[PDB]
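Undergrad: this one is an experimental structure. Sequence first:
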Amino acid sequence: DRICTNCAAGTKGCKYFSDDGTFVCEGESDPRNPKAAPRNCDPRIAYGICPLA
């Protein structure tokens, strides 16, 4: 399965990786504006790990 997220859609701090294991990109969404527009599904990201630096 692959979540409907991406680098912009992803929460800042959470590292998004693909299903294979390849690192896609870390989320860097601004925590001020209501996240709604930047919610396009990226057919590359499968899961994002937040508890990881």
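TA: Alright, I've got the coordinates. Residues are numbered from 1 along each chain as shown.
Undergrad: residues near residue 47, how many?
TA: Per other Cβ atoms under 10 Å, the neighbour tally for residue 47 reads 15. All C-beta atoms are positioned from the backbone trio N, CA, C, and that covers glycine.
Undergrad: got the phi and psi for it?
TA: phi -150, psi 150 (degrees, to the nearest 10).
Undergrad: so who does it touch?
TA: 2-3, 16-17, 19 (Cβ atoms under 8 Å, 6 or more residues apart in numbering).
Undergrad: columns distance to residue 50 and secondary structure on top of these, output as TSV?
TA: Putting the contacts of residue 47 into TSV (distance: Cβ to Cβ, whole Å; DSSP: H, G, I helix; E, B strand; the rest coil) gives the following:
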residue	distance to residue 50	secondary structure
2	17	coil
3	12	coil
16	10	strand
17	12	strand
19	18	coil
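Undergrad: which one of those residues sits closest to residue 45?
TA: residue 16 (4.6 Å; Cβ to Cβ).
Undergrad: what is the neighbour count of the residue nearest to that closest one when sequence neighbours are not counted?
TA: Nearest residue to residue 16, sequence neighbours excluded (Cβ to Cβ, 6 or more residues apart in numbering): residue 48, at 3.8 Å. Residues within reach of residue 48, counting by other Cβ under 10 Å, total 22.
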